[PDB]
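Readers should treat all values here as calculations from the given coordinates under stated rules, not as data from a laboratory. Positions of Cβ are backbone-derived with ideal geometry, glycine not excepted, and every protein chain shown enters the neighbour counts.
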Number of protein chains: 2
Amino acid sequence: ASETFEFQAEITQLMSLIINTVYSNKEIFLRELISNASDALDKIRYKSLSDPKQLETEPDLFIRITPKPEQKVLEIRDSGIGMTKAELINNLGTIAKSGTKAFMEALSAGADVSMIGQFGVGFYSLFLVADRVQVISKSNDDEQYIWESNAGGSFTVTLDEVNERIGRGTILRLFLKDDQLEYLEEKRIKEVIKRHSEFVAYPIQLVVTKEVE
Amino acid sequence: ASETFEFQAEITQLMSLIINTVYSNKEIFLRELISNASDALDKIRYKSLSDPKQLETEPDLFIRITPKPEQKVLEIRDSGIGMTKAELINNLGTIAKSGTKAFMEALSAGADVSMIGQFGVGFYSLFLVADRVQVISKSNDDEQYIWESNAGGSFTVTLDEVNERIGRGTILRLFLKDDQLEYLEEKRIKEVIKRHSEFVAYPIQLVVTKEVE
Ligand SMILES: C=CCNC1=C2C[C@@H](C)C[C@H](OC)[C@H](O)[C@H](C)/C=C(\C)[C@@H](OC(N)=O)[C@@H](OC)/C=C/C=C(/C)C(=O)NC(=C(C)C1=O)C2=O
Ligand SMILES: C=CCNC1=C2C[C@@H](C)C[C@H](OC)[C@H](O)[C@H](C)/C=C(\C)[C@@H](OC(N)=O)[C@@H](OC)/C=C/C=C(/C)C(=O)NC(=C(C)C1=O)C2=O
Ligand SMILES: [Cl-]
Ligand SMILES: [Cl-]
């Protein structure tokens with residue numbers, strides 16, 4: 001059973017701006033997702049300074065990107081802290097975010113969309129490039145859940161009986177728009193990582209499917 | 001809940017021979033799995049000659065190999081016909097197989113283990129290289145199930161709430177033995193495919209994880 005939740009009204013309004021935007025530097029979505037992944041990795045590592053047990057659900061600390069061209073999907077996985085059900089509900093849409101209005105007011109004054117991570121709302125940049133997202137997450141303190149949104153006014157949260165087990169962490173599953181299929185390509189991906197994600201403390205893995213010739 | 005089933009006695013005896021064998025040409029396990037994958041692909045394609053609907057759960061016809069080095073696992077996936085629960089139970093261990101005794105009698109006369117596919121029992125060759133297998137399968141006619149064995153006298157079958165959805169087909173998940181970790185390596189894999197699987201009608205995909213430098 002899927003519980004449904006309403007987005008706070010300014011978040012809806014923010015996704016609607018970003019979804020319907022001509023902006024020409026959309027690659028920054030990947031800088032934001034990598035940077036969030038790194039934040040989550042920092043938190044599990046930090047937590048484990050005084051609780052080493054927390055690392056054992058998933059000893060390896062990594063960021064992994066998996067294009068799925070046949071489904072038009074790009075997945076960004078991390079083994080960071082993960083989010084519980086209550087965390088997905090509170091933090092991904094139901095409660096007002098501090099920088100949402102301020103970011104939109106800056107945008108309409110001329111600010112580059114790039115500044116979105118500085119306003120602390122950079123997760124919503126994934127709608128530049130995607131018209132649907134699943135956030136699949138496994139916190140040490142809860143079962144695996146799927147949060148899903150298509151940028152309308154509500155999102156669902158659902159106990160995960162459908163995807164592979166994460167030992168610990170999060171998978172951002174993006175349903176790319178038809179004009180944004182360039183982020184399915186290996187060359188394009190490495191290039192965006194080189195430009196925007198030079199200083200990442202964690203290995204960044206790219207999963208590539210080759211045909212044997 | 002996992003139902004448990006008993007292997008027919010000669011199948012147990014066959015796995016026990018293969019598990020405990022010095023034989024020096026174990027790579028043939030991959031020839032057998034690829035060839036089984038191709039058999040399953042033939043059957044779905046054939047079925048769909050008079051029922052094109054059957055293809056739509058998974059339009060693409062492929063064999064995909066995914067080493068998972070960190071788990072010491074090798075997965076062989078196909079989008080073939082898949083097997084229902086009853087098929088996994090009947091065909092993977094509970095009923096006597098025609099070539100089981102005859103293959104063992106040949107083995108003890110001097111036959112190469114390679115002849116195993118000729119006796120129609122080549123699936124059990126995966127125990128040359130693995131001490132545990134999951135067969136995860138999705139037939140158009142049933143839900144996704146996991147069959148599991150560790151070469152003892154019984155196996156389990158379990159409704160799958162734990163792995164990614166197959167649209168249609170089968171994943172052979174092999175828990176490699178510590179001395180057989182060479183089949184985790186890309187170079188080794190392509191080499192075994194070149195030698196034994198030259199004439200396969202279907203694309204063979206290798207999934208490779210690279211670190212971005
Ligand atoms: C205020 C600083 C504290 N951290 C941050 C917060 C506030 C809280 C949400 C923190 C979270 O609370 C449970 C968690 O601690 C984890 C670690 C979540 C992640 C960082 C993210 O994913 C993973 N797991 O890869 C991400 O969703 C996938 C979250 C997106 C959230 C919003 C909306 C966002 O756009 N930007 C935010 C960033 C960037 C933050 O760093 C942000 O809001
Ligand atoms: C007698 C000729 C008919 N086909 C074969 C049979 C008899 C039946 C089992 C057929 C099956 O019935 C439901 C199915 O029709 C599908 C197609 C199953 C696959 C071919 C296999 O996997 C996929 N899906 O990749 C494989 O398990 C993973 C099966 C292993 C079975 C045994 C034990 C074996 O060692 N060798 C066999 C081979 C090779 C056969 O071709 C075999 O026994
Ligand atoms: Cl806030
Ligand atoms: Cl038979």
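As an exercise: evaluate residue B:91 against (1) surrounded by fewer than 20 Cβ atoms within 10 Å (Cβ to Cβ); (2) of a type outside the set (D, E, K, R); (3) within 8 Å of ligand 2 (Cβ to nearest atom); (4) touching a residue at least 12 places away in the same chain (Cβ under 8 Å) and give the number of the one condition it does not meet.
Unmet for residue B:91, out of (1) surrounded by fewer than 20 Cβ atoms within 10 Å (Cβ to Cβ); (2) of a type outside the set (D, E, K, R); (3) within 8 Å of ligand 2 (Cβ to nearest atom); (4) touching a residue at least 12 places away in the same chain (Cβ under 8 Å): (4).
Got a sec? Which of A:30, A:41, A:17 is among the aliphatic types (A, V, I, L, M), touching an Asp or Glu at 6+ places or on another chain (Cβ under 7 Å) and assigned to a helix (DSSP H, G or I)? Working first, answer last.
On the way: A:30 fails: touching an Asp or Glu at 6+ places or on another chain (Cβ under 7 Å); A:17 fails: touching an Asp or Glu at 6+ places or on another chain (Cβ under 7 Å).
Only one candidate passes the filter, namely A:41.
What are the residues in segment B:186-210 that are of a type in the set (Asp, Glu) and surrounded by fewer than 15 Cβ atoms within 10 Å (Cβ to Cβ), if any?
B:191, B:198
Identify all residues within segment A:55-87 that are of a type outside the set (D, E, K, R) and assigned to a loop (DSSP other than H, G, I, E, B); write none if there are none. Walk me through it before giving the result.
Applying the first criterion (of a type outside the set (D, E, K, R)) to segment A:55-87 yields A:55, A:57, A:59, A:61-63, A:65-67, A:69, A:71, A:73-74, A:76, A:79-84, A:86.
The answer is A:57, A:59, A:61, A:62, A:79, A:80, A:81, A:82, A:83, A:84.
Looking only at segment A:88-132, count every residue that is away from ligand 3 (no atom under 12 Å from the Cβ), among the β-branched types (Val, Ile, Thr) and not in a helix (DSSP H, G or I) and tell me the total.
The qualifying residues number 1.
Is there a residue in segment B:116-128 that is of a type in the set (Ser, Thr, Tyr), away from ligand 4 (no atom under 16 Å from the Cβ) and either within 14 Å of another protein chain (Cβ to nearest Cβ) or under 20 Å from residue B:63 (Cβ atoms) (or both)? It would help to see each step written out before you state the result.
Of the residues in segment B:116-128, the ones of a type in the set (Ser, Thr, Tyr) are B:124-125.
So of that shortlist, the ones also away from ligand 4 (no atom under 16 Å from the Cβ) come out as B:125.
Next cut, either within 14 Å of another protein chain (Cβ to nearest Cβ) or under 20 Å from residue B:63 (Cβ atoms) (or both) only: B:125.
Checked segment B:116-128: at least one residue is of a type in the set (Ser, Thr, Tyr), away from ligand 4 (no atom under 16 Å from the Cβ) and either within 14 Å of another protein chain (Cβ to nearest Cβ) or under 20 Å from residue B:63 (Cβ atoms) (or both).
Anything in segment B:109-126 that is buried (at least 22 other Cβ atoms within 10 Å of the Cβ) and either among the basic types (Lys, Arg) or under 14 Å from residue B:173 (Cβ atoms) (or both)? List them, or say none.
The one that is buried (at least 22 other Cβ atoms within 10 Å of the Cβ) and either among the basic types (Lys, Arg) or under 14 Å from residue B:173 (Cβ atoms) (or both): B:126.
When segment A:133-148 is examined, which residues are found to be within 14 Å of another protein chain (Cβ to nearest Cβ) and either of a type in the set (D, E, K, R) or assigned to a helix (DSSP H, G or I) (or both)?
Of everything in segment A:133-148, those that are within 14 Å of another protein chain (Cβ to nearest Cβ) and either of a type in the set (D, E, K, R) or assigned to a helix (DSSP H, G or I) (or both) turn out to be A:138, A:143.
From (1) surrounded by 16 or more Cβ atoms within 10 Å (Cβ to Cβ); (2) more than 14 Å from the chain's Cα centre (by Cα), pick out the condition that doesn't hold for residue A:172.
Status for residue A:172: all satisfied but (2).
For (1) under 19 Å from the mean Cα position of the chain (by Cα); (2) within 14 Å of chain B (Cβ to nearest Cβ); (3) within 11 Å of ligand 1 (Cβ to nearest atom), each residue gets a yes or a no:
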| position | (1), (2), (3) |
| --- | --- |
| A:10 | no, no, no |
| A:24 | no, no, no |
| A:36 | yes, no, yes |
| A:48 | no, no, no |
| A:68 | yes, yes, no |
| A:72 | yes, yes, no |
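For residues in segment A:149-201 being over 30 Å from residue B:146 (Cα atoms) and basic (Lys, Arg), which is nearest to the other protein chains (Cβ to nearest Cβ)?
Ranking the qualifying residues of segment A:149-201, first place goes to A:190.
Might you let me know whether segment A:46-54 holds any residue that is in contact (Cβ under 8 Å) with a residue 24 or more places away in the chain, surrounded by fewer than 20 Cβ atoms within 10 Å (Cβ to Cβ) and either within 16 Å of ligand 4 (Cβ to nearest atom) or not in a helix (DSSP H, G or I) (or both)? Don't jump to the end; show me each part of the working.
Taking segment A:46-54 and keeping what is in contact (Cβ under 8 Å) with a residue 24 or more places away in the chain, we get A:47, A:54.
From what's left, surrounded by fewer than 20 Cβ atoms within 10 Å (Cβ to Cβ): A:47, A:54.
Retained after the next criterion (residues that are either within 16 Å of ligand 4 (Cβ to nearest atom) or not in a helix (DSSP H, G or I) (or both)): none.
Looking for residues that are in contact (Cβ under 8 Å) with a residue 24 or more places away in the chain, surrounded by fewer than 20 Cβ atoms within 10 Å (Cβ to Cβ) and either within 16 Å of ligand 4 (Cβ to nearest atom) or not in a helix (DSSP H, G or I) (or both), one finds none in segment A:46-54, hence no.
Return a yes/no flag: does segment A:155-168 have any residue that is under 14 Å from the mean Cα position of the chain (by Cα) and away from ligand 4 (no atom under 16 Å from the Cβ).
The initial filter retains those residues of segment A:155-168 that are under 14 Å from the mean Cα position of the chain (by Cα), namely none.
Checking segment A:155-168: not a single residue is under 14 Å from the mean Cα position of the chain (by Cα) and away from ligand 4 (no atom under 16 Å from the Cβ).
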